[PDB]
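A.B. asks: sharing an experimental structure here, sequence included.
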Amino acid sequence: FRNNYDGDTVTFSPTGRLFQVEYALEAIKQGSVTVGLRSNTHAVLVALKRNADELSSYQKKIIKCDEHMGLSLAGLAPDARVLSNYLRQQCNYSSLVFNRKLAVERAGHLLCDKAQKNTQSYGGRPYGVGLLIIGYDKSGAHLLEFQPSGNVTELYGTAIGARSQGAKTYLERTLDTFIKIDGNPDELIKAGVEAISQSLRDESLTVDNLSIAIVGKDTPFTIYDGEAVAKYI
Amino acid sequence: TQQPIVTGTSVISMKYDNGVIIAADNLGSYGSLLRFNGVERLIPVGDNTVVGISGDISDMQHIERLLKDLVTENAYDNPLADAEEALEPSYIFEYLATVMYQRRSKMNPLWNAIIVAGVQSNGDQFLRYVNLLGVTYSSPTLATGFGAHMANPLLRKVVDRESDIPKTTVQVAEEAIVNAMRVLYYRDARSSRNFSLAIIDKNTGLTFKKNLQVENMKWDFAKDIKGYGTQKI
């Protein structure tokens, strides 16, 4: 079975599956955990940075795409660089040509289509990374989840990566609570750190290990790392 | 590089306390031949923007098609198309300005002078100009072609500087505009008596008046004038 239909992205299995896409999705699951959640005034990204050795650094997982948009990655880093770079350009085009900040919903559609092209053609490969996009546009705070399959969804909160399921159930529970953390960023972040720690097991989020990013009403997308996150551990 | 064939003359405009007014006659000249008379040179985009165009008519029609497409395209996958994500006058202008400059940069201009008038979502008035060279500028009053020489001097007597805007009413403004159109009909040999005028008010919305006519013209003193110097009868 499978082995005969997972050679490339241009082949359907007898049941209508695309194994190369599914294998790419597997790279995400193997990726470190990251969480996203938003209220009505802000959107926050909390990510667990993973390190190779105790002599290495903890690879960044948050990329700023524009003053009002940014994302967190889980999986192949290079593929995140590519996708975020495309996103940086789309945001840029919107401003330069229309003097308009790109709507998070549109950014999601653009990403979906860019990924879709690498799943119907020969020679290419699906992207092997998941992304969580947060942003504040003309319709408030937003959070999107991007999967290599090309599927992008808007949520109040979510998580991806290894053991992400923990944090996700927590948010699905804490929903009515954080969705109302309006006008108070520190609370939204704390609520995020709490959701993410619901996926810990190995260790505990340290200073050079935790990474947080926020954007909102009067807050340009900014990334906090190290000493800057100390007050949240 | 080209040369205009069928052309539209002046487009004049000004802003008042609650919005902006823009007018343009209905003539389509062919050199010194007043060839076409039912030409609308004011293009409404949505209900918060009107684009006034002068210069080559064939290019004007092209810009019209472009504007219709902008509306269609903005509606795609946009659940807030008629709300938070509808086309702003500033978006429509930046777009056209982009095109105008790219075309002059390829040495193939859209032979026009354009004035975009409208009211932003936050109520702010919008009045900016762009022409075949890609040049752009804003002023409490804007006019193209002949109107720049004869309409601006009259319109500026109403709003000489920014602080005159709040002190100017739709009645005063519309009156200034209508008078300017009469003056242009007197001295501009490429003007028509028939014209359209549109008002974009932050409260009353977009009012588009068609088939207006210059009225109350003074011609009687002509009977007294004879000869070109010494002739008496």
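C.D. replies: Everything's here; your move. Numbering: from 1, shown residues only, chains lettered A, B, ... in the order given.
A.B. asks: all helices of chain B, in order?
C.D. replies: B:57-75, B:89-105, B:146-155, B:170-187 (DSSP state H).
A.B. asks: for chain B, give me its nearest residue in chain A.
C.D. replies: residue A:99 (3.9 Å; C-beta to the nearest C-beta). No exception for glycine: its C-beta is placed from N, CA and C like everyone else's.
A.B. asks: so who does that residue touch?
C.D. replies: B:90, B:91, B:93, B:94 (C-beta atoms under 8 Å, 6 or more residues apart in numbering or on different chains).
A.B. asks: looking at the helices of chain B, which is nearest to chain A?
C.D. replies: helix B:89-105 (3.9 Å).
A.B. asks: tell me which residues of the longest helix seen in chain A are tucked away?
C.D. replies: In chain A, with assignment by DSSP H, the single longest helix is helix A:77-98. For helix A:77-98, the neighbour count (16 or more other C-beta atoms under 10 Å in any protein chain shown) marks A:77, A:79, A:80, A:83, A:84, A:87, A:90, A:91, A:94, A:98 as buried.
A.B. asks: dump these into JSON lines; add distance to residue B:59 as well.
C.D. replies: Compiled in JSON lines, those are given as follows (distance: C-beta to C-beta, whole Å):
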{"residue": "A:77", "distance to residue B:59": "48"}
{"residue": "A:79", "distance to residue B:59": "44"}
{"residue": "A:80", "distance to residue B:59": "44"}
{"residue": "A:83", "distance to residue B:59": "39"}
{"residue": "A:84", "distance to residue B:59": "39"}
{"residue": "A:87", "distance to residue B:59": "35"}
{"residue": "A:90", "distance to residue B:59": "29"}
{"residue": "A:91", "distance to residue B:59": "31"}
{"residue": "A:94", "distance to residue B:59": "26"}
{"residue": "A:98", "distance to residue B:59": "21"}
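A.B. asks: verify the contact between residue B:1 and residue B:108 for me.
C.D. replies: Yes. Contact criterion C-beta atoms under 8 Å: residue B:1 and residue B:108 qualify, at 6.8 Å.
A.B. asks: the strands in chain B, which residues?
C.D. replies: For chain B, the strands defined by DSSP state E occupy B:6-8, B:11-16, B:19-25, B:28-30, B:33-36, B:42-45, B:49-56, B:112-119, B:125-131, B:136-137, B:141-143, B:194-201, B:205-213.
A.B. asks: what sits against residue A:146?
C.D. replies: Residue A:146 neighbours (C-beta under 8 Å, 6+ apart): A:71, A:83, A:108, A:111, A:112, A:115, A:130, A:131, A:132, A:133, A:152.
A.B. asks: okay, and the beta partners of it?
C.D. replies: residue A:131, residue A:152 (DSSP bridges).
A.B. asks: could you check how far it is from residue A:154?
C.D. replies: Residue A:146 sits 11 Å away from residue A:154, going by C-beta to C-beta, to the nearest Å.
A.B. asks: for the helix or strand hosting residue A:21, name the packing helices and strands.
C.D. replies: Here residue A:21 sits within helix A:19-29, counting by DSSP states H and E. Contacts defined by 3 or more C-beta pairs under 8 Å, 6 or more residues apart in numbering or on different chains; DSSP states H and E place helix A:19-29 against strand A:69-75, strand A:129-137.
A.B. asks: now tabulate these in TSV and tack on mean neighbour count.
C.D. replies: Formatted as TSV, those follow (neighbours: other C-beta atoms under 10 Å in any protein chain shown):
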stretch	mean neighbour count
strand A:69-75	27
strand A:129-137	27
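A.B. asks: any chance of the ones you listed in CSV, plus distance to residue A:60?
C.D. replies: What follows is the helices and strands packed on helix A:19-29, written out as CSV (distance: least, C-beta to C-beta, whole Å):
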stretch, distance to residue A:60
strand A:69-75, 9
strand A:129-137, 13
